[PDB]
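In the form deposited without the partner chain, a lone chain appears below as structure tokens.
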């Protein structure tokens, strides 16, 4: 499904991402734009045989099981297909796990390049949130 900007913002807000660990809603929305262009079915196959899934391009070697990745650890305890859903629930829960224990949002390199350090309230402007 290709989410609209405000559609995705409201869904993320419903799932507790707004200011989760101090990272405001506009940060999560900006990162999804530049990671997947808001496309839940975007997938990026990597040289090591893992693929990145969903609006935040989460990787199958560590975070989700796709049944096709040599040595998946599945830390979010989900099938990767759950990240392709129009239901954001599994994306929101797994993204919460990713941010709790590394470099925060620096985990998404497109976020560092396009979002970090700039006003991200503009990403939810006009959404009436």
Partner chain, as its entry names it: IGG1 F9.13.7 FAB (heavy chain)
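Positions refer to the first chain, counted from 1.
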Taking the deposited Cα B-factors and averaging over 93-101 and over 51-59, the higher mean is found in 93-101
Return whichever of 74-82 and 42-50 has the greater mean Cα B factor according to the PDB record. 42-50
Third assignment of residue 5 from its chain's C-alpha B-factors: lowest
Third of the chain's Cα B-factor distribution that residue 88 belongs to, per the entry: highest
Chain-relative C-alpha B factor for residue 122 (record values, thirds): the lowest
Temperature factor at the Cα of residue 36, chain-ranked in thirds, falls in the middle
Compared with the other modelled residues in the chain, in which third is the CA B-factor of residue 21? middle
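The same protein also exists as the form deposited with the partner chain bound; that form is not shown, yet it is the one meant from here on.
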Just one of 46, 86, 37, 100 has a heavy atom within 4.5 angstroms of the partner chain in the bound PDB entry, so which one? 100
Run the contact test on 21, 77 and 93 with a 4.5 Å heavy atom cut-off to the partner chain in the bound PDB entry and return yes or no. yes
Could you confirm whether residue 73 comes within 4.5 Å of the partner chain in the bound PDB entry, counting heavy atoms only? yes
So in the bound PDB entry, does any heavy atom of residue 116 sit within 4.5 Å of the partner chain? no
Decide whether residue 15 counts as a contact residue for the partner chain in the bound PDB entry under a heavy atom distance cut-off of 4.5 Å. yes
